[PDB]
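Asker: Experimental structure and its sequence below.
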Amino acid sequence: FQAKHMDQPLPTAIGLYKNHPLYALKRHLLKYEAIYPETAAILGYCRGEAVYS
DNA sequence: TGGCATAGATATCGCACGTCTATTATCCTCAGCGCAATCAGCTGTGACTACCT
């Protein structure tokens, strides 16, 4: 099931990345949330925005 | 027959509305210091009495 889920390239809507464990966009990060490491792998690009786990 | 203007279906991000929890100061009340008019003991005054000449 995890392998099948990873087969999805990226959702079509930026809003789908909000508070999503597999999506986790940049703008949606809360006050206490930060990307570590800052050199993490990019899962994809949605409308110019990089996707991180 | 072939390329592109234009009408249809579908979301989509930005903007505003309803709601909550934070991680270290403020406010009544009592025992101990004061200020203002009587009253008793210290001090001053008058009289009793032993002592010296």
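Answerer: The structure has been received and is ready for your questions. Residues are numbered from 1 along each chain as shown, chains lettered A, B, ... in the order given.
Asker: What is the three-state secondary structure of residue A:5?
Answerer: Using DSSP: H, G, I helix; E, B strand; the rest coil, the secondary structure recorded for residue A:5 is helix.
Asker: residues in contact with it?
Answerer: Each residue near residue A:5 by C-beta atoms under 8 Å, 6 or more residues apart in numbering is listed here: residue A:22. (Each C-beta comes from the backbone N, C-alpha and C, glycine too.)
Asker: close to DNA strand B, is stretch A:7-20?
Answerer: Yes. Residues of stretch A:7-20 contacting DNA strand B under C-beta under 7 Å from any atom of the strand: A:12-16.
Asker: Could you identify the pair within those residues that is furthest apart?
Answerer: Spanning the widest gap among those are A:12 and A:15, at 9.9 Å by C-beta to C-beta.
Asker: State the phi and psi torsions of the most centrally placed residue in chain A.
Answerer: Centroid check for chain A by C-alpha atoms, centre = their mean gives residue A:23 as the closest residue, at 2.7 Å. Backbone torsions for residue A:23, taken as degrees, to the nearest 10, come to phi -110, psi -70.
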